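A short write-up of the structure that comes next.
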Ligand SMILES: COc1ccc2[nH]cc(CCNC(=O)C(C)(C)C)c2c1
Ligand SMILES: COc1ccc2[nH]cc(CCNC(=O)C(C)(C)C)c2c1
Ligand SMILES: COc1ccc2[nH]cc(CCNC(=O)C(C)(C)C)c2c1
Ligand SMILES: COc1ccc2[nH]cc(CCNC(=O)C(C)(C)C)c2c1
Ligand SMILES: COc1ccc2[nH]cc(CCNC(=O)C(C)(C)C)c2c1
Ligand SMILES: COc1ccc2[nH]cc(CCNC(=O)C(C)(C)C)c2c1
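Here's what the structure looks like:
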């Protein structure tokens, strides 16, 4: 079986937790699409072009990762990408509840897209893009949670 | 005992999950007030008049349902409506936590108003007005989650 | 005439159970407090002791009927012509199991509606199990139990 | 050739387990449904009964292999050359224990990736334990089990 | 050991739940800094000066409490205050999840600052500043949840 | 002089317990690591074995006192003149039970303040129960336990 999997999200910015999940996905599936949502409702810190470029560079060492931006409903994009596997990272209980609702909805929308939940390292089990940004905004050290290129862009973003 | 129960919420829009809960409430209590909150803080998709009209039409087949709009504190409205039963739908754990806080607060405000928790069908256990709207905004099919009249109004709303 | 059933092991009946059954009696015309034989749990008190303790602790509530049962819930509720099943809400861990039971009970008897009532903040952190555990270590449990239940628990542990 | 393992007690195998293993077979080339001896749990069905029931209930799935094991998970998975470990997602209480198992299994065998699959809403509130409990009270469990499993459960309880 | 503990938060406004937690902290630690975050992102009902004055007056009877405002990352402030104990109140499961994420982040930022979780009275286990304000805005009685001075300021705030 | 008590079964004491007690010693002047007789749980190690293992595993911490007790928590804490009760935070399921215990303990002894400490991410997914389970299947548990505890666990399972 030559499986195409999709790993969607805002990735604003991509963290070491996302790198962990996408690395596990590439060791399991032949082709992994890391799909970055335009997500204008969330009003992201980084533009879609910035998020795509940051994720491309942070996953460049992974030969079977394709970084792409998308604005549709995830399931509409996934169907057009011929993906049958939907990657989700489960860190804790709060994730679980919302992720079950999304997975049942996604299954209603596209039954041929199977949601799979991967578990990150204990190291990234307590972080989110939101928390990292918040700590960074308040002059806290977030170097440990981010790829080098992402850390450099976050510093540059917060300086201006 | 000739019980008057109140089922409050934003109902923006009323879903099949809300119809399920209010149908269970009508089989248990003599009179059920489906109370629609003005809720301007949430900035609803549908005006109060639209939400009331949609809920009226979606519950018309239930003879002991009264659809009414309200702007007060729920408990202030419930006291003026001579309701002693407060209907809440419990879908999952996240609901549970917030619902317990609301129920203890509502009990402090009006001890004679008893909070009762009803459980929806497995079918509606993973949906919310918020998720349905989000999927609809992103060009996803939500026909299965809504009464026909609500589906028609949601399509019309998103077209303009 | 609306008939509700409040099932459980009630090993022993606590102030938390009295709170839930009192709320149920203010809402429904007749409330059956149904005590499960529950031999799998290996209860401290026999079904007869549990029934007698609950009868005496609810005697002041005119619309409560205390009955013992070994039946499947759905069957006993149908046989009792009840259409409402009362459960108390405590913790998330209780809630999850309660949803599984409620969906099972609904499959078995769709006309039996599960209703969840919320106890006083006072009883929101107690269980029959925790009260027994405190009492096994000679701790003061007078506050959590009806007087007759407290007396029987002391007598049992002596 | 991607080899996945779906471990558990399967005492007995339910429609929820059939749902999870069917999803696993549509994703992975070979799926080993691994039945734990689990003597600590004191199962209703022996390992041999559990294996025979699961074999027959999954016979229609060409890429499922039913095997019994008493080994440490990580060891049996290495010995079976599997790199994927399938778990089903039910409740938060299941999820928490599943995270502990998955982190332990990762410590023991880092190349064994735990994957969580979500069952149909239909089986989201059932467990082998709850089905057995319903059956112990003579309740209708035909809907939750494969026919062969239903027949063996009735025979066992008779 | 002459321990300095910090109890951070928005305290918008300080409630009986916060008074309960800070009272427990003062019975355990020599000096307790009740640290009020400027928190402009949350857009607080009360200004920082109002929140500090309200908390000062509501804790005046506690001799080892110091009420101070701060705008830094909490951990940056805590380090400059020579605090080695970080007080958090745990009411319910939802608190727990977010509090674990914050505590691991705070530990990364300042390992010498130990997070300690205190449990409030059952009486305050179902309230928050947010819920109290919401009930007050909707003409509900919140007298029981607040110190007298806070209740007076909340009434005055909502009248204008 | 601030005296804290860290109670539990400690069957056996793990690196997670060592982490919690080490954090407690950095915060409080004297820490009593209190080992419950806990016969209801039917422990793998006797109270004497559990005390000896914990004594040796905490010997490097000068302000730790390891003591066995069969008393009610509130009584032993009063008798030990402690005003702080240390608990570790793991999972939501642990947290819920911990709140019930803490409210009960507060009813019994209001001057005994329950404090929750958070372990390292390293020990956030382990328990004495899970470590024993891994060891029962001959799995490598050297990483989760003090050396003396690992040796006693191997000897016990042999
Ligand atoms: C598991 O599916 C995800 C996860 C994170 C996501 N962030 C953005 C999207 C795409 C737009 N939104 C959607 O498609 C829903 C279903 C309305 C949420 C997205 C999808
Ligand atoms: C169970 O009581 C509800 C549930 C959903 C609700 N949505 C809006 C309201 C009315 C206004 N708000 C209130 O009355 C609170 C108590 C401040 C929330 C409402 C009430
Ligand atoms: C909410 O329903 C309850 C709660 C507590 C209960 N204790 C005993 C029973 C009856 C026997 N058991 C059953 O009928 C099930 C559904 C198989 C568990 C019972 C039912
Ligand atoms: C997700 O891993 C599972 C799930 C269910 C299981 N039932 C039996 C096993 C194998 C023996 N147990 C182990 O190897 C542990 C890790 C010590 C528990 C098993 C593994
Ligand atoms: C347990 O630490 C808290 C708790 C509540 C808090 N409210 C505001 C702050 C200060 C600014 N924010 C931060 O320092 C984080 C770490 C980015 C949240 C604060 C800190
Ligand atoms: C947080 O308090 C604990 C935790 C673990 C414990 N293991 C044993 C005890 C003492 C005996 N038990 C009690 O005193 C209760 C309160 C009745 C359970 C103990 C206490």
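Residue numbers (the deposited numbering), protein chains in the order written: chain B, 1 to 160; chain B', 1 to 160; chain A, 2 to 159; chain A', 2 to 159; chain B'', 1 to 160; chain A'', 2 to 159. A prime marks a further copy of an entry chain.
Here a beta-carbon is modelled for each residue, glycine too, at the ideal position from N, C-alpha and C.
- Interface residue (Cβ-Cβ distance to chain A' less than 8 Å): residue 109/A is classified as such.
- Only those residues of the region 12-36 of chain B' whose C-beta falls short of 7 Å from the nearest C-beta of chain A are listed: 24, 27 and 28.
- It is roughly 21 Å from the alpha-carbon of residue 151/A to the alpha-carbon of residue 42/A.
- Legend: CB atoms of the region 97-128 of chain A lying less than 9 Å from CB atoms of chain B' belong to residues 97, 99, 100, 103, 104, 107, 112, 114, 115, 116, 117, 118, 119, 121, 122 and 125.
- Looking at the backbone, the Cα of residue 32/A' and that of residue 18/B are separated by about 27 Å.
- Residue 82/B and residue 21/B' have their alpha carbons spaced roughly 38 Å apart.
- Close partners of residue 135/B in chain A'' (Cβ separation under 8 Å) are lacking, with about 17 Å as the shortest Cβ gap.
- Per DSSP, the continuous alpha helix (DSSP H) segment holding residue 19/B' begins and ends at 16-28.
- Of all alpha-carbon atoms in 23/B'', 4/B'' and 44/B'', the one lying nearest the alpha-carbon of residue 12/B'' is that of 44/B''.
- Residue 93/A'' sits close to residue 96/B'', with the two beta carbons spaced by under 8 Å.
- Nearest neighbour of residue 34/B'' by Cα position, chosen from 40/B'', 46/B'', 47/B'' and 51/B'', turns out to be 51/B''.
- Note that the C-beta distance between residue 62/B' and residue 140/B'' is not below 8 Å.
- Between ligand 2 and residue 75/B', a heavy atom-to-CB distance of less than 7 Å is present.
- The beta-carbon distance between residue 70/A and residue 36/A, rounded to whole angstroms, is 7 Å. This is short enough to meet the 8 Å contact definition.
- Flagged as an interface residue toward chain A: residue 90/B', by a C-beta distance shorter than 8 Å.
- Taking 8 Å as the threshold, the shortest C-beta distance from residue 138/B to chain B'' falls below it.
- The shortest C-alpha to C-alpha distance from residue 129/B' to any of 80/B', 110/B', 16/B' and 160/B' is the one to 16/B'.
- In terms of side-chain proximity, the C-beta atom of residue 105/A'' is found nearer than 7 Å to a non-hydrogen atom of ligand 6.
- The beta carbon of residue 73/B sits closer than 8 Å to some beta carbon of chain B'.
- Selection 46/A', 49/A', 5/A' and 84/A' evaluated against residue 29/A' yields 5/A' as nearest (Cα-Cα).
- Any Cβ of chain A' closer than 8 Å to the Cβ of residue 93/B' would place that residue at the interface, and such an atom is present.
- Counted as a single uninterrupted DSSP element, the alpha helix (DSSP H) harbouring residue 99/B occupies residues 93-109.
- Interface criterion not met: the Cβ of residue 82/B' is under 8 Å from no Cβ in chain B.
- Contacts with chain B'' at 8 Å (Cβ-Cβ) do not include residue 154/B.
- Counted as a single uninterrupted DSSP element, the stretch harbouring residue 123/A' is not any beta strand (DSSP E), since DSSP gives it neither H nor E.
- Listed as beta-bridge partners of residue 34/A' by DSSP are 7/A' and 67/A'.
- Interface residue (Cβ-Cβ distance to chain B' less than 8 Å): residue 85/A is classified as such.
- Residue 80/B counts as exposed, since fewer than 16 other beta carbons sit within 10 angstroms of its beta carbon.
- Residue 135/A'': not part of any beta strand (DSSP E); member of the alpha helix (DSSP H) spanning 129-137, first to last residue.
- For residue 117/B'', the uninterrupted beta strand (DSSP E) run begins and ends at 114-118, by DSSP.
- Residue 26/A' counts as buried, since at least 16 other C-beta atoms from the protein chains shown sit within 10 angstroms of its C-beta.
- Relative to the non-hydrogen atoms of ligand 1, the Cβ of residue 15/B never comes closer than 7 Å to any of them.
- For residue 119/A against residue 100/B', the beta-carbon gap comes to about 7 Å, under 8 Å, which counts as contact.
- Residue 85/A' is bridged by DSSP to 5/A' and 114/A'.
- DSSP, read as helix, strand or coil, puts residue 41/B'' in helix.
- With fewer than 16 other CB atoms across the displayed protein chains lying within 10 angstroms of its CB, residue 49/A is exposed.
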